[PDB]
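One chain follows as C-alpha cells, the form deposited in one PDB entry.
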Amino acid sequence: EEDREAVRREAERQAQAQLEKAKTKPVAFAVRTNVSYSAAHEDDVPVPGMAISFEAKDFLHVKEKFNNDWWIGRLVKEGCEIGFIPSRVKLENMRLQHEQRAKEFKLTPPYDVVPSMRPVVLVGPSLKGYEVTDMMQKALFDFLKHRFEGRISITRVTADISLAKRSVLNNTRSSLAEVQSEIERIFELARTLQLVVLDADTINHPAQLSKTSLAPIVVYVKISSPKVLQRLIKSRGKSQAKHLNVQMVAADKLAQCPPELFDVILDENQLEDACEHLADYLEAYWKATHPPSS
C-alpha cells in the first residue's frame, strides 16, 4: 500500500493547490440548497476533510469546478473558507446509492441557482405607492445609501418581479420577457458581491417572492401598534385618510404573516434604531459573503 499512496498523496497535493488559489477567485455563481449534505462519512473527497457540509436552505458560493463530482467554493457564513462542494451529479448519484441500499433491507433538484448577493426587499408598514410606507422605506434607503456607500446599489424595480416564479420562467401586468430581463439585471447587480437593495413597488408580502429565484432578504418594516399606524396615516391629510382602509388591512395581513417568511423585522419605536438594526444585519451578511483571504 506504498506505491498506491504515491499517486493519491500527489493528487491530494494538487487538489490542495487548486483549493488555495480559489480563495481569491471570484464567484462564478451562487446556489440555495434544497437538501442537506454531510461529508462526515466519505472518501472520494479531493482533499480529505475539506468537503463542506450544509443543511437544506443554505447558501453556497461556487467559485470553480474541480471535476464532475466536486466544485470548489464556500458556504456563505462568517469564518467559512473555501472547500469542496459536491456537484449536482454527485448528489444525485448519492441519492441513487441510498435508494439501492434501502431496497436491500428487504423490509430534486439539490441546488437552485440564486443571485450571489441576496437582494434586500422591504415590505411594510403598509402598502407601497402611498406615503406612510413610501416615506418610511425611502428613509431606510437613504440611510443604507450612506451607511454602505461605496459597497451598495439601490435600484428601483418597476417590473412585477412577483411573476418570476421559477416554474413560470422555466417555461398579468408586465410581460415575462420584461420580468426575465429584470431578474437578469438583479443577478448581474449582485455579481461583484456588492450589496443589492431593491425598491420593488409590487411587493408588499414575502409570499410574492417565495417561488421566485431571487431568494431575497425580506425586511419587514413593522410598526408594532395599529393605533400608531392609524394616527400616522391621518397626519397625511385627506389625500391619504381616504386610502386609509387599504392600509390597515394590508398592515394587519403582514402582522399575521409567520415571522419565518421574514429575514429581518424592524419593529423599533425610533426610526434611527430601525436603521441601526438593519445596518447590523447587513454588516454581518456582508462579512458572511466577503472576509479574510479574498
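So that there is no doubt, residue numbering starts at 1 and follows the sequence shown.
One more form of this protein exists, namely the form solved in complex with a partner chain; it is left out here, but the text below deals with it.
Residues of just one listed stretch (243-251, 264-272, 43-51, 64-72) have heavy atoms within 4.5 Å of its partner chain in the deposited bound form: 264-272. In summary, among the residues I85, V196, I223, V218, the only one with a non-hydrogen atom within 4.5 Å of its partner chain in the deposited bound form is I223. Checking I183, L189, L140, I152 against its partner chain in the deposited bound form, a heavy atom within 4.5 Å turns up for just one residue: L140. Put simply, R231 is close to its partner chain in the deposited bound form: some heavy atom of it is within 4.5 Å. In the deposited bound form, its partner chain lies farther than 4.5 Å from every heavy atom of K238. In the deposited bound form, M136 approaches its partner chain with a heavy atom inside 4.5 Å. Within 4.5 Å of any heavy atom of its partner chain in the deposited bound form lies no heavy atom of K57.
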